[PDB]
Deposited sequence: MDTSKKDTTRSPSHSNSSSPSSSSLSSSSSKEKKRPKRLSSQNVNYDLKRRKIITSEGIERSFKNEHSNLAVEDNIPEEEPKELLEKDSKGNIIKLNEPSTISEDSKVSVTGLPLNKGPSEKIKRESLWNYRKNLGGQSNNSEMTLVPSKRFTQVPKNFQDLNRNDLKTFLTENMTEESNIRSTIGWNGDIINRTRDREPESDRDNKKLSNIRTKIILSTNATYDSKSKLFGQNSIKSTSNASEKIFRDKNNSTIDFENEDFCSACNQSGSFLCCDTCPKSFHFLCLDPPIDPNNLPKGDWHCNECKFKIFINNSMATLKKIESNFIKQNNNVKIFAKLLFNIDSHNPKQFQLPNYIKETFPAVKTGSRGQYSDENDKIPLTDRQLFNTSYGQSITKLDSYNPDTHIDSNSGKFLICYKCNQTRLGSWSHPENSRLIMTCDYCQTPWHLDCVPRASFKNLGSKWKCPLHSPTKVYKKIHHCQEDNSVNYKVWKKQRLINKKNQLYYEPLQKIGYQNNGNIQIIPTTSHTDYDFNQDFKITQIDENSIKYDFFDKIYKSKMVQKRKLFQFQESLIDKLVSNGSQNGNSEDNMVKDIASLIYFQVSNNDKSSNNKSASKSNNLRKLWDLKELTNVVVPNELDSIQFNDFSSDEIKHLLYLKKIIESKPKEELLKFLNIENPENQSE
């Protein structure tokens, strides 16, 4: 360190080598070798998001904001100099200490802009509230029973599997891991409530193997909607999928269909969302055969335009057969027309049809 550059250097500093290295001190020997030897004020949640992150804190009141949320957004690199206030506190300061009665301040605003008068109060009020994250009002989310707000404000549906308890993921004995049943659990091949075996749908077997030979066992999981057991082999499937979302078994109708027009290249169909029970209207049409369901159906055993058509089963037989027979007639027509067409393009036919028999 310090040193008459011409003279020798004074030693920098006696190394305070107390490192607390993963081993106890890098220079220190092992200690006692007992085992291992055989012989011997501002809130912490953004007022807008209600979540965590880097915050920019209001000075007057205990309200913290993200860097993105506050309007307008503020760069983390470049910030306004000195003290900062939330738009609410700036309002109160603004109002206070000047033309203090709000009324008179507001009474000037309404008189200022008489054209927008119907919206006058709403415009004036918006200058006082802090920035917010948009959340759908409850009367919209309550319309659809399936939808529900997640922990973070997410859209969470009936499809999203309910989260695993954090204990179940990380607190298990070694032999049995709940998350993956990749250790020969034979109680998978049993129906808990009834006691019968779960039978796969593809091969109509359960492959519970002997404890003597576990490689004869094949893994089985059950649908999250159907509750029809499937082998992880029959639906080719790599694993159990118990984290992300409910596993829709094959054998369950499509909820979204991309149809190529074969001439935009494609058309999209999405099943109508399930409405609240009271607002739902189920309708049985007077026309048995050929009603345009648009894909929304309740199978009868034998402004609300969101109406689930109720169709008899015998109707679907007629509809499906009706579609098939029409296409077969059309396909036969085009093929027969094309063969007749080459005759149309044709003194002597010379088709040799008389020779054919």
Quick one: where does the model skip the deposited sequence? 1-84, 125-257, 481-486, 526-533, 578-580, 592-684
